[PDB]
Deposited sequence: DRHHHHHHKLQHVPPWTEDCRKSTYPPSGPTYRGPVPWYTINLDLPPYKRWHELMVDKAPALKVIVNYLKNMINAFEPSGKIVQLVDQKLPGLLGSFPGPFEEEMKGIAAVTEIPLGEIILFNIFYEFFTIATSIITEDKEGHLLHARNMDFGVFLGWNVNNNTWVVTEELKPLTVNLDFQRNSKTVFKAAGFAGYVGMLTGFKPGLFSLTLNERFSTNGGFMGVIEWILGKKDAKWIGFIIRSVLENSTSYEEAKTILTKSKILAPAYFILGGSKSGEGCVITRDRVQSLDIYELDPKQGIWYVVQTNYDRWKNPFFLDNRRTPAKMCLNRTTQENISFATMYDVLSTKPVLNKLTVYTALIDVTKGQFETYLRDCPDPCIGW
């Protein structure tokens, strides 16, 4: 049964709060991540090495960095101007080869599963919350080092305030060394989270957005048209929450088109949406064990009682909370609230 009285965070499931850093976009891209990357190269090397070994194990024929590295020069030009220089700055501070920073930035998404939730209270105001796990590759694969690596990643979790001099452009939950983001919001406009979709990974290999929307989109409408129509490297689920009552949708994407766009409709009894890493119309497999208990616990909460505290209760209930859960994030776009908490799951707790 669902957890209760878990907010404000305390106890063994609470690893601590996520530190805040300001990223000044007025600075030259090369310098933006300098302060953040201090003293983080050792941990980041552990993460990068983990990605390599998992990719090599998944495709024993070839070595991944060989291909990225040998195909690297072309990749740099493929990137928009700022990202290349931001990554070179990261490589310099950390003394990590540029190719490995790029490998980390390209493939990080494929090692994340998440539970993303949008809800609307009777007042008509949206809450956006998310539990993020790390280490599970393509939604099912792990190795005997996954748990050690995930614990090493938690100190890299950071809340980022992207600013233009002294004005906040957008806020995000991210990871030092990763210049992209899978969780962010623009105060008073919209919130956005990305869940990985597995249908894909070869496409990236064959080939070898959230930031751009957060940085330059001026409205929920604009972000929606970009997220629905723009081409993307791999399939994904976009969970987009707005400020206005009823501005909440889940976009299921493939490389080229939106396979489904599903909106909240509290008038017709749909006051929440729970998106994990499988298509919501399909039936869940044995491995998809997170969405149903979340829906079960939201149903018991009722729209009347939905809040930060009751939302945190849902995201503190196993298996929604699990051993590989890195952080819990709570967002209220209208009021500008953005809370992120590191998590633990003491035994007995399932991996994911």
**OP:** Identify which parts of the deposited sequence carry no C-alpha coordinates, going from the N-terminal end onward.
**Re:** 1-18, 218-220, 230-240
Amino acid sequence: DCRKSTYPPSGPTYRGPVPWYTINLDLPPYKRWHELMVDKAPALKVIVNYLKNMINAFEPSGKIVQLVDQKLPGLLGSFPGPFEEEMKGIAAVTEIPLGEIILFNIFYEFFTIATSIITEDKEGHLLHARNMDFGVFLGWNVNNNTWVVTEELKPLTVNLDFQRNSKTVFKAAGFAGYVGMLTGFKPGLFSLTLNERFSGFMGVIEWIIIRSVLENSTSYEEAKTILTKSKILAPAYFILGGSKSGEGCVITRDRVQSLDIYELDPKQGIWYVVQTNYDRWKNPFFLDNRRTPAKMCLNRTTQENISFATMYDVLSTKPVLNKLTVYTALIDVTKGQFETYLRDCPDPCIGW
From here on, numbers count along this sequence of modelled residues.
Original post:
Which is higher in the entry, the mean Cα B factor of 236-244 or that of 153-161?
Top reply: 236-244
**OP:** Name the higher of the two by mean Cα B-factor in the PDB entry, 307-315 versus 279-287.
**Re:** 279-287
Subject >> Among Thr94, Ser191, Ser219, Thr115 - the residue whose C-alpha B-factor is largest in the record >> reply: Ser219
Subject >> Most elevated Cα B-factor in the entry, residues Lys224, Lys122, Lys186, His128 >> reply: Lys122
Subject >> Chain third (lowest, middle, highest) by recorded CA B-factor, residue given as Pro42 >> reply: lowest
Subject >> CA B-factor ranking of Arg300, expressed as a third of its chain >> reply: highest
**OP:** State the tercile, meaning the lowest, middle or highest third, of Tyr50 with respect to the CA B-factors recorded for its chain.
**Re:** middle
Original post:
Going by the entry, which third of its chain does the Cα temperature factor of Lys229 land in?
Top reply: middle
**OP:** Name the third of the chain's ranked CA B-factors that contains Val65, choosing lowest, middle or highest.
**Re:** highest
